[PDB]
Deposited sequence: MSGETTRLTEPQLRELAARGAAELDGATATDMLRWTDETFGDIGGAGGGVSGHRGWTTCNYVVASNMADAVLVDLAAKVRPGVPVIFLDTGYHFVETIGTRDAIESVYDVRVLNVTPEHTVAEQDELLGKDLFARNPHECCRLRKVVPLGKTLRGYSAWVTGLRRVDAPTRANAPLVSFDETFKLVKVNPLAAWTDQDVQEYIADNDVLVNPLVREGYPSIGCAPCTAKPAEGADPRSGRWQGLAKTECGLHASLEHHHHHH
């Protein structure tokens, strides 16, 4: 394939974690681009849930035409797809609509309707984890917008590491960022934001598995 060897990937992740200690998001993205850029012709990808365009704006500022994957499980909001289209049309980013092999009606007919209500782990595996893994096969590193304030279990989220689920380098530039940080960035850069985030939505994901404000 077109992915670096697993020991090489681990040594690169360790070197990046040790070298990017206390670096800004732009510095981490520049390191990722300089390491996995050549040999479009990009060898790293960015993942965005279309809740905002902060990570997308940063990745486009450090690499015009950077690929950005979006996991379209089929249960998304109309506002989420609208935000995806807006980010694609506005920013200099090549988006990828990663879809599962089975549609919503196909899965409802094969394994029963509303799999999220009966077995949510299998639904998330079939529609999110498996397509993400099938897409990441080929990229030596992938960038995520995970922040250490998202959950108490994410407090020790590392800057650069080796994801053992897909076996490749995982880099989180927005890890050290807080709510005030992302607010100030959205204000100073005028980045697109999902309309549901403006309406008081804590998180943005699949419609049946998203905590409603009310």
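Trainee: Which segments of the deposited sequence lack C-alpha coordinates in the modelled structure, numbering from residue 1?
Mentor: Comparing the full sequence with the modelled residues, the uncovered ranges come out as 1 to 4, 44 to 56, 232 to 262.
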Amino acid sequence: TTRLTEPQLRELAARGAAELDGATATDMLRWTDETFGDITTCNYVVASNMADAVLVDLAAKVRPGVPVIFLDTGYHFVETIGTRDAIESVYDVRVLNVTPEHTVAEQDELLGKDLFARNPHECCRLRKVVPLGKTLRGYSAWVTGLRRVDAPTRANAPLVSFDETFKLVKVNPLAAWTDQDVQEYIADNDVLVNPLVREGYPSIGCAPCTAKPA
From here on, numbers count along this sequence of modelled residues.
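Trainee: Averaging CA B factors per stretch from the PDB record, which one is higher: 6 to 14 or 194 to 202?
Mentor: Stretch with the greater average CA B-factor: 194 to 202.
Trainee: Identify the stretch, either 79 to 87 or 102 to 110, whose C-alpha atoms have the larger mean B-factor according to the entry.
Mentor: Result: 102 to 110.
Trainee: For the listed residues 168, 146, 62, 155, which one has the largest C-alpha B-factor as given in the deposited model?
Mentor: 62 has the highest C-alpha B-factor of those listed.
Trainee: Identify, among 141, 115, 130, 71, the residue whose C-alpha carries the highest B-factor in the deposited PDB entry.
Mentor: Of the candidates given, the C-alpha B-factor peaks at 115.
Trainee: Could you look up the Cα B-factor of residue 97 in the entry and say which third of the chain it sits in: lowest, middle or highest?
Mentor: It belongs to the middle third of the chain when residues are ordered by C-alpha B-factor.
Trainee: By the recorded C-alpha temperature factor, relative to the other modelled residues in its chain, which third is residue 134 in?
Mentor: Residue 134: CA B-factor falls in the lowest third of its chain.
Trainee: Among the chain's modelled residues, which third holds the C-alpha B-factor of residue 66?
Mentor: Middle third.
Trainee: Split the chain's modelled residues into thirds by Cα B-factor; is residue 38 in the lowest, middle or highest one?
Mentor: It falls in the top third of the chain.
Trainee: Of the three thirds of its chain by CA temperature factor, lowest, middle or highest, which one includes residue 57?
Mentor: Middle third by C-alpha B-factor.
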